[PDB]
């Protein structure tokens, strides 16, 4: 991927893989922030990871994992089956809208020393303001051209 030509926020299919018995696994680039222009702080990124794990699964089947990028500009989404980015775009948009306006502290799973490996590094405040910032730019179903929604 040439990171200098994409336009975030976008949803991008990274790859599809076929297992031996023929199951398909799709990998998605969920870019929340424009590469090299900004990066999410660890606390909000961490809280958004916990929330997205929950919210996505309420909205769609087949989620294997949703882990953040080391570069902190988004999330790697792994799913069973072919998926297509417009459905994924709507799942992410809807989830972000819930984080922006709906989630309270008690809806954030795993914020104790027993259930999380860095439980101090959380921030609902950061997650809500990031979600709002990301939503205000529109979620595009294409990475190279703006196609919001």
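Numbering follows the first chain given and starts at 1.
Mean C-alpha B-factor is higher over 12-20 than over the other stretch, the pair under comparison being 122-130 and 12-20. Stretch comparison (21-29 versus 132-140) by mean CA B-factor in the PDB entry places 21-29 on top. Taking only the listed residues 41, 101, 49, 37, the entry reports the highest CA temperature factor at 101. Ranked within its chain, residue 62 lands in the highest third, by CA B factor from the PDB record.
When the modelled residues of the chain are ordered by their C-alpha B factor, residue 110 lands in the middle third.
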